[PDB]
Amino acid sequence: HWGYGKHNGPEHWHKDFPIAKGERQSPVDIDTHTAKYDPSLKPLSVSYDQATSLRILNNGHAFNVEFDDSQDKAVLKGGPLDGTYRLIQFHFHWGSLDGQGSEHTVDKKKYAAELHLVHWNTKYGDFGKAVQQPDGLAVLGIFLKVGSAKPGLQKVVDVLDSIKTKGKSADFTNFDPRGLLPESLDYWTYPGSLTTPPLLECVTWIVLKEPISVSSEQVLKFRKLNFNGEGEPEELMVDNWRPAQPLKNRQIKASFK
Ligand SMILES: NCCCN(CCc1ccccc1)CC(=O)N(CCc1ccc(S(N)(=O)=O)cc1)Cc1ccc(F)cc1
Ligand SMILES: [Zn+2]
């Protein structure tokens, strides 16, 4: 099965998922000098007031905080998007050390982690149908740097002890994802893919320029999770990021001057 180790990591994924070598793969390096300001882009609309979190799950490659997406409760619209995209889950990618962990890079800089808020286009009815479409998903990516603690992340950090191993889940109601957003919604956007198998080319990526700060203690708790299941040899869940992929025939657009 695919993963992040030497024998099953990103350089191997193409054997089971040939789209790994496709024309719109993610993540990518964001070259800030080449990204063009697009005055036609609209401000992003992040409407999370009615978000309903339900559960947190260790799925063996990250942890997902899952939301009720049976109604338009937490939605992303505007920006580069046409239509309405419903929040289904968020998760992170992070490193073994603070100098790596993000999937996107900025002028080749790697951040300590990257948060992905995953949304699907309601015109396709369900997430499984949406991933089959080139405009099916919108993922909002937010970089994490290590410095001051992020108060709105602590409730996530403190439940991780309860989902240490693959397949464990825990009730996770009443979590407000607005507490994970930076001040500015300035962003870069480009067409890309899921960054884990099946690597489907169905994502409009929206990557915020402003990182959030988390504390060393917060990210250290991410790094105590396990890729393995209970009662299996311990493999710390670290370095669960895919490196930057070729940009090919794509333009990254900036919402800001
Ligand atoms: N236990 C989790 C096991 C890993 N993986 C199994 C999927 C899979 C299917 C076929 C073959 C291989 C693997 C996760 C999963 O199931 N997802 C999440 C999809 C996803 C969302 C966001 C990003 S990201 N990092 O933000 O770009 C990446 C990926 C739901 C889904 C639902 C319906 C689909 F048709 C496809 C995926
Ligand atoms: Zn992700």
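Going by Swiss-Prot, the residues shown for chain A are 4-260, listed in order.
Heads up, header says this was done by X-ray crystallography, 1.3 Å.
Backbone N, Cα and C atoms are what each Cβ position is placed from, and that goes for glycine too.
Residues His94, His96 are given by Swiss-Prot as Zn(2+) binders; from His107, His119, that same site also lists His119. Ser165 is the residue among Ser56, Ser151, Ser165, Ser219 that Swiss-Prot labels phosphoserine. Among the candidates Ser105, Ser172, the residue that Swiss-Prot annotates as phosphoserine is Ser172.
Spatial neighbours are here defined as Cα atoms within 10 angstroms of one another, and by that definition the neighbours of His94 (Zn(2+) binding site) among the recorded positions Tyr7, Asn67, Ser165, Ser172, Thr198, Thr199 are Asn67. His64 (active site, proton donor/acceptor) is 16 Å away from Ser165 (phosphoserine) when you measure Cα to Cα.
Each residue contributes its Cα atom, and for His119 (Zn(2+) binding site) and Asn67 (site 'Fine-tunes the proton-transfer properties of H-64') those atoms are 10 Å apart. Using Cα positions, the member of the recorded positions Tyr7, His96, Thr198 nearest to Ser172 (phosphoserine) is identified as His96. Selection of the recorded positions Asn62, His119, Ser165, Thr198 by a Cβ distance under 6 Å from ligand 2 yields, in sequence order, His119, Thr198.
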